[PDB]
Each structure stands twice: as structure tokens, then as C-alpha cells.
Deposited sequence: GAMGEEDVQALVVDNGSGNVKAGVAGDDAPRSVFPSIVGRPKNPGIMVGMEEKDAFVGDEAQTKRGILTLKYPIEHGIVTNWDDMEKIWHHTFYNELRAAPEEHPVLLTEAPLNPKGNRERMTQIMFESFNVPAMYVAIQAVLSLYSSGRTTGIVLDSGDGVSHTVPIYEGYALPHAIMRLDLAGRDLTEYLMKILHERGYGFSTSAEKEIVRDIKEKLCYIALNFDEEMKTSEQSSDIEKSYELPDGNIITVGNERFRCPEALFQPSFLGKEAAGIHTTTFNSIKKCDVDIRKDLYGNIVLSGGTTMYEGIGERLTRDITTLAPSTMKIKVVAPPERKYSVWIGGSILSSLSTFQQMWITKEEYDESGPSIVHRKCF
């Protein structure tokens, strides 16, 4: 009967909207600024007088007062919805501790008085949005990436991998390597420009060493970008060296495994009898999976790592930037959603 609200609590941006829409109507940065408080874009608008905090910097909420300000902004400033009059679907990170889930549930029921809610794991929603019940989701967002094997609808928690390596690290790495050309982007505002350069110009090489060799033979690699002040910047091999850090985290000074190795290791944590279904359903999700070339490169790299009798398929849905939110929109629209949620009355008497 009533329409649910869908809130994807992103490490970088909140995605929010109504159940039944094909995309979130609200997308804003998961930032709170204080000299009360400002949220999102208005808090960036006012960098100069506010101290900014990321209350969900790596996908797990760490500051509940700031997170409540984000949720208030979501309901009141973005959706103009009374939270006490709608069921809410909220997303959580893979491996979110139960105590953190319980705290978000307490806030929703006792600070916002939501009448019913459901908490969903982000990667599971993305898998459903791809039309699958079994597969492994590689979710790469702003402050965190995870690989999440899912079998017959349920994540396998012993096999989930977290990487503290996602889009914000790539933005910072592009800012670093552009110093080779003499650029000195360093301020917050400049970081947002570099993020846009990254999204517009970067791509993933099918074979990094060969791309380095071909790019140095001509200037065909170089592609340009108009800065806010009208000057033009030209970027060459940084276009593919930046997202190469996903595969080679040593470029960032990290000892971590790359995303191909991590995907492989997650599948191997699952029993042999289901691995074929995971290898055949590797589903990309999140903004940091949007690079041109990613599916082809991952296919080549995971095929090399995996047994040769496995059949590797990497699925890169065109709307994968918001697949978490979309999966939540579908789930909370189903005729069965009413039977999934927890009500405030139940919570208040036995929660």
C-alpha cells in the first residue's frame, strides 16, 4: 500500500529515492560539516567555514550523530518525505557488524519513528538487480570495495573480502601522478576536479605492459579536459595507470592483493561444488567498476588465475553504478515486501 523509501548508505554518496523508480532521485555526498550542521553539497559549498567529516568513510558508520544528520537531510531536504509514514529499506556494507545494524535500526525506529524497515546487504541487492540468485559481486565504490559470493540468494560470509581501495584512492593517485606533468592539484576543490578528470578520461588497459609500450610510441594516448577556469589539461598514460592501481595496489604503496586476485581468493573460499556458478557469474557493481575495459581485463586476469576448465564470465551491467539502489527499489516494490520488514511496534516490544 504505502510506498517505501530506499536509502543506499554509500561511503561516498548517499543514493536515495522511492521504491519503484529505476534510479535514485537523490545522490549527494556522505559528508557532514560543522563550524548545527550542513550536509552534502551545501557543506562542500561552505568548505571555508566548516570542518568536514565522512561518517561512513569506508562503508561502516563510525559517527552516529553525523549519520543521523545525513539521514535527516535525506528524508527532509532531498525526498521531502515523512519517515514516520513510510517503510524504509536501508542498505549496509558486506560484513557490517550486527551491533552497527542494531544501532541504525534503533535510530530509525526511535529517532525517525519509521513504521517498518528492512536492512539489505548492498552486494546482494546488486546481484538481484542483475537477474541472478547466485554469483560473486565485485562492488567497488568510493571508500571501500568488496567481493561477495552469494549462493541461492544468500551471501557466504566466510568468503567475503574487503579492500580498502576504491575510487577515492584512485582520485588521490591521479592527483599524485599528474605531478609528473607539472600539475599541482591538492585542495579539496581541486580533488573534485581530478575526480571528474578520472571519470571522463581514464580506462583500464587490457595488458598494462603492452599499453605502456604502445602509448610511448605516439601521442594518440593523450586526451584533453577543460578545467573550470577554461584552461585545458592533457593526460596521457595516466589515463590507464590510474585505474591500474586496482590490479596493482603496490602503485599506491599498499601490500593488498588486486581486484582480480581478491575475486579469485573469494571464490576459492567457497566449496568446490559451487565455484563453477560463481566463476560464471562475476557481476560488477559500483562507480569504480565503470572504467572502460574493466570487464575484458578482469576476464583475462581471472581466467589466468582460475582452473582452465572453469568458464569465466564477467557481467558489467550498463546501470551498475546504481545497481545497489535499483535492487533495493525492486525488492521493496514486490508484493511480498510487507512480509519481510520489521515493524516499529514489534521492535518496541521485543527489539
| query | Could you list, start to end, the deposited-sequence stretches with no C-alpha atoms? | reply | 1 to 6, 42 to 53, 370 to 378
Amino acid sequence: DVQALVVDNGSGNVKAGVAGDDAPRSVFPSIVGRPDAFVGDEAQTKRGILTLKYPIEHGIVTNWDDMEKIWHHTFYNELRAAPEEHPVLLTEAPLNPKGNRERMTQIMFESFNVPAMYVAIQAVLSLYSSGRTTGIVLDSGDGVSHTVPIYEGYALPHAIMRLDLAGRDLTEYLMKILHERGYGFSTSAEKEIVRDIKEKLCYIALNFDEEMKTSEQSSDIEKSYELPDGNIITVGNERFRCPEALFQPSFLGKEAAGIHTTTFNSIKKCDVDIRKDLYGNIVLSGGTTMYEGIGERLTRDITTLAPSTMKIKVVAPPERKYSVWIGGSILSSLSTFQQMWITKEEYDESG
From here on, numbers count along this sequence of modelled residues.
| Looking only at CA atoms, which has the higher mean B factor in the entry: 50 to 58 or 315 to 323? | 50 to 58
| query | If you average the CA temperature factors over each stretch, which comes out higher, 146 to 154 or 190 to 198? | reply | 190 to 198
| field | Out of 305, 70, 290, 310, highest CA B-factor residue | value | 310
| request: Check the PDB entry and point out which of 131, 83, 167, 236 has the largest C-alpha temperature factor. | output: 236
| query | When the modelled residues of the chain are sorted by Cα temperature factor, does residue 340 land in the lowest, middle or highest third? | reply | highest
| task | Using the B-factors in the PDB entry, rank residue 126's C-alpha atom against the chain and give the third, lowest, middle or highest. | result | lowest
| note | The third of the chain into which the C-alpha temperature factor of residue 212 falls is the highest
| How does residue 253 rank on Cα B-factor within its chain, lowest, middle or highest third? | highest
| message | Please say which third, lowest, middle or highest, residue 269 falls into when its CA temperature factor is compared across its chain. | response | lowest
